[PDB]
Structures are given as structure tokens and as C-alpha cells.
Amino acid sequence: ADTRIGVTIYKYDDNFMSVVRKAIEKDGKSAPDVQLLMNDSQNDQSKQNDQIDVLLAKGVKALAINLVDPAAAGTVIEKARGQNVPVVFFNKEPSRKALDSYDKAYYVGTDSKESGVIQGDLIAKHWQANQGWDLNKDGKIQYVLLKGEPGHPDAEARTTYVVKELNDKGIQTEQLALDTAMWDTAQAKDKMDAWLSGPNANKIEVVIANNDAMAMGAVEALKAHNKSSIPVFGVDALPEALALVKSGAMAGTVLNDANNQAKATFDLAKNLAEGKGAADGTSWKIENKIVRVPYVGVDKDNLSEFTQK
Ligand SMILES: OC[C@H]1O[C@@H](O)[C@H](O)[C@@H](O)[C@H]1O
Ligand SMILES: [Ca+2]
């Protein structure tokens, strides 16, 4: 009756993980037999490690961990193994060797590559439809790219495959600049402001961001320079970003399904806390201890299936 599940969020003010945290809390408030103990790791893996020791001292029956550093998976598994507590890692994917090292380690996330291919197809679709976006009329997309954290599975796959997909759809590309803005709105605004103040400013035709928070910072820098006709694409379909696709400030985004990843994390951690099989009594499909929830492309044409038009 007191099933205790310990949850760490790598940083509470990351925009997307804020949507995921609130949905896990909602699922916990809804289940009368579960108590969730939620922690903000404040983007520090040492802080997270200490929080996991306190959760284990408090007797949690399962841990649902969103890692600060994907490479710390082994440290967390060794803490959990000692007390035979199952661990459901979510959103930052650990290595396969770390997942295989413990039979009660699972992961809930997405297939990262798919969000890069869907973003590439959304760009391809809108580029073909808007020939005026080709400012210098050379048939090539001149773009800048705002990357998430270096080494994060989603940042690396989204950066690689958005361009690979455009080239496979037959659209040649020329990267004018690329830099990391660490998934953050303010850092992205500053980097875009710098590019709009440098020698390439007039040549930028498309802004590609690995997530919506960075797309939103770019939209702010573009408005400040009265360059709001430059299309911006993101990933996550945050409610604030959906507002920008409606107003045309953004051209498209990709739904990163926070509700189902939160639901799957909660369902697997509750089952495992109860000594049942991870997917018992659910529809989740676990393959090799991983659940991957699909990404969905979002633009003005299917916007009504995600928000009110
Ligand atoms: O690890 C946290 C990151 O996860 C990504 O999947 C998401 O697109 C980013 O916005 C950020 O939340
Ligand atoms: Ca061009």
C-alpha cells in the first residue's frame, strides 16, 4: 500500500523534461497505492548520485532515473544492484553494455534517428512548397544548425539525420554554421544573435534546431533583427512551440511524446516495484529491455490533432 518509487529528473527547468515530470506526477496522483519521491538533480551527476543513495535509504522499491550524464549508468546500476532494486532509465539512453549488465535495468525513450528523419522530411516538404525560401536561388538550402548537448543520443542523431534525409530527398545543403546551445532557449538566442551580426547573416535561409526550446531562442533573435520571414524548425512539440507553428513564427516541429514516455516509465517502474514482469498488464512493447515511443511530424496541416487551431 506504501509502494515507494524514487524519480530523478536531470534538470527540472529543461522545457521538455518539465512536461514529462508533470505527467509522471499526474500518473502517480492517480494510482492510490503509489508514492513518488521526485528529485531535481540540477544538471549535476554527483548531485544525482547522492540523491539515489538517499532514495535507497528511504526504501524505494524501484528507481526511475533520467541521467545527467549517460555514461553514469554503471554507477547507478551498481547502487541499485546491491539492494536488488529495479532501475528504469528514461530519456537519456545509456550504453547497451551498461543495460545488459543488470537484469533489472530497463530503458524508456525513443528511436533518436527517427526524429531527425521526420524533421528532414518536414523541411523537404516545406522547401518544395516555398520556392521563395531559396534566397540566393541556387537550388541548395543554406542553413544554420543549433545542436543539443554533445554526445546526447538525440542531439547526435537529430544533427546527422536531418541533413542525411534532405540529401536523400534530393535537396543539397550547405551548412553556414553549427554550434551547441545545450537544449537552452537563452543560449540559442545568443548564438543566433551572433550569426545575425556576422558576415553570413544575409545568406541564412533555414534555421534547424535539435529542439523547440532552442528554436524559440532563435525566433527571438530573428524578431530582434526583423528577420522573422526565415523559417525555423524544432523538435518536441511543446505547447509554446505549437503556438509558434500556428502563428507561422515556426515552420514545423516533431512531437516527442512526453505523455506516453511518462506513462510507460510509470507502468514499468510500478510493475517492477511489485515484483511483476515489466510489461505485465500493459500494451508496451519491450524489446531487449527498451520501450521506444514514436515521434510524430507536426506542421500547419495536421496541427489540429495536437492543439486547437
Ligand atoms: O535529455 C533532455 C532532452 O531530451 C530530448 O529528447 C528533448 O528533445 C530535449 O528537448 C531535452 O529535453
Ligand atoms: Ca539557397
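Quick note: numbers on chain A are straight from Swiss-Prot, i.e. 24-332, in order.
Looks like X-ray crystallography, 1.7 Å, at least that's what the header says.
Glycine is no exception: its Cβ is also placed from the backbone N, Cα and C atoms.
Feature list (source: Swiss-Prot):
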BINDING   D37, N114, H175, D177, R181, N234, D259, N279  beta-D-galactose binding site
BINDING   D37, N114, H175, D177, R181, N234, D259, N279  beta-D-glucose binding site
SITE      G97  site 'Interacts with membrane-bound trg signal transducer'
BINDING   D157, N159, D161, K163, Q165, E228  Ca(2+) binding site
**OP:** Could you tell me which of the recorded positions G97, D157, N159 have their C-beta within a distance under 6 angstroms of some atom of ligand 1?
**Re:** none
Original post:
Counting every protein chain present, what is the number of Cβ atoms, excluding its own, within 10 Å of the Cβ of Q165 (Ca(2+) binding site)?
Top reply: 18
**OP:** Could you check which of the recorded positions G97, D157, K163, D177, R181, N279 have their CB within less than 6 A of ligand 2?
**Re:** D157, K163
**OP:** Return the single residue from the binding-site residues list (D157, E228, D259) that has the minimum number of other CB atoms within 10 Å.
**Re:** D157
Original post:
Closest to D177 (beta-D-galactose binding site): which of the binding-site residues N159, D161, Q165, going by Cα position?
Top reply: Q165
**OP:** Go through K163, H175, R181, our binding-site residues, and report the one whose Cβ sees the most other Cβ atoms within 10 Å.
**Re:** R181
**OP:** Give the number of CB atoms, excluding that of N159 (Ca(2+) binding site) itself, located within 10 Å of its CB.
**Re:** 10
Subject >> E228 (Ca(2+) binding site) and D37 (beta-D-galactose binding site), distance between Cα atoms, whole Å >> reply: 28
Subject >> Distant-in-sequence Cβ neighbours of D161 (Ca(2+) binding site), under 8 Å, six or more positions away >> reply: none
Original post:
Fewest other CB within 10 angstroms, which one of the binding-site residues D37, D177?
Top reply: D37
